[PDB]
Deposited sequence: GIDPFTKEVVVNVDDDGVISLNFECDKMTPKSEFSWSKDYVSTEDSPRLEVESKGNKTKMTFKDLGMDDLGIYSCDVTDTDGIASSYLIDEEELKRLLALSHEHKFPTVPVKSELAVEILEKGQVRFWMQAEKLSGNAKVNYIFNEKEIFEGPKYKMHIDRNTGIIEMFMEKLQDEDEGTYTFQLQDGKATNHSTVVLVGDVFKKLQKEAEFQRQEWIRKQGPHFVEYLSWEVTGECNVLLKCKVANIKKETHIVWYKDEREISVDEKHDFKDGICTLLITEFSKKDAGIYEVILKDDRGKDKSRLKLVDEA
């Protein structure tokens, strides 16, 4: 049957508990420490009610080490006991503390990356969130909010917490913290973006954002090169992508339109019987409402 059984309640309160089903109108609980009566001890309290007892420690510490025993009079004369040694003192103190001040578990800490539009993603993963969980966001020890600049999402099912930015200004260098609060539980994760790390990220954001826009338009996959063909003609060549019907393709030599394209992603201009007269700065421009691109190439005919 029964032993003495320990309990730590939601408020950190530590206690030993006992019940006996075989009591008599004259039966009584009596507790001892190291086989001396604990009656009158300032370190603890007892409460008996019907067939149950509880001993509540007032402030568990090192002066409470020992064997606690419970005897019941008018029974079989057998005592139940519980050992409190130095290792069990630690375990119970840790449990009390974590009840009073629980921690919200974290699977991975606050990290920062560059997504595909050149968008900046700040993220972390908690182990689990209730539906009441909330976050506050902090940059250089000041609170920041949902608006034109910071946009924030929390999925409570997976514990993914996110903040998005469109780019990194110079004034965005510094320290970022997510502060998490679920019940009476609590945590925070922090990331430092200073120096090399910060401009590593800011440079990469910039480049990808530009690239992504250029590419929604009609654009180059290979820039202007040259070769020789036929009877001493020069052909100019490039490669293009994302070409529509209304797309204007236009050639120039020294600021002066020469040819307008329409025919057929290879683009060529043929230069007939090449000489000094054919030298100059050549360029091709691509255009419509989705954006414009450009390739340039300089041609010397012996200067």
Discussion item. List the gaps, meaning deposited-sequence segments with no CA coordinates, ordered along the sequence.
Written reply: 1-5, 270-273
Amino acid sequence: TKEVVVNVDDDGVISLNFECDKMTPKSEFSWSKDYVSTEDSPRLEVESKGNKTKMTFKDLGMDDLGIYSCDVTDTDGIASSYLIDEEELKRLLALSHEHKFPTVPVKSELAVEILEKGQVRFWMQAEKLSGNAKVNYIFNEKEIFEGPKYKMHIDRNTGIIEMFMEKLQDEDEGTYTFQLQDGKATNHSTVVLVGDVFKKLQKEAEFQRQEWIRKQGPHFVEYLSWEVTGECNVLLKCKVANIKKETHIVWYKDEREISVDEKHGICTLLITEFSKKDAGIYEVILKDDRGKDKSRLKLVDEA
From here on, numbers count along this sequence of modelled residues.
Practice prompt. Tell me which of 193-201 and 210-218 has the higher mean C-alpha B-factor in the deposited entry.
Written response: 210-218
Practice prompt. Determine, for stretches 48-56 and 255-263, which one has the higher mean CA B-factor as deposited.
Written response: 255-263
Item to complete: Could you say which of 96, 140, 157, 81 has its CA atom at the highest B factor, as listed in the PDB entry?
Response: 157
Worksheet entry | CA B-factor ranking of residue 16, expressed as a third of its chain | lowest
Worksheet item: Looking at the C-alpha B-factor of residue 92, is it in the lowest, middle or highest third of its chain?
Response: lowest
Item to complete: Name the third of the chain's ranked CA B-factors that contains residue 187, choosing lowest, middle or highest.
Response: lowest
Fill in: Ranked against its chain, the third holding the CA B-factor of residue 114
lowest
Fill in: B-factor third for the C-alpha atom of residue 236 within its chain
middle
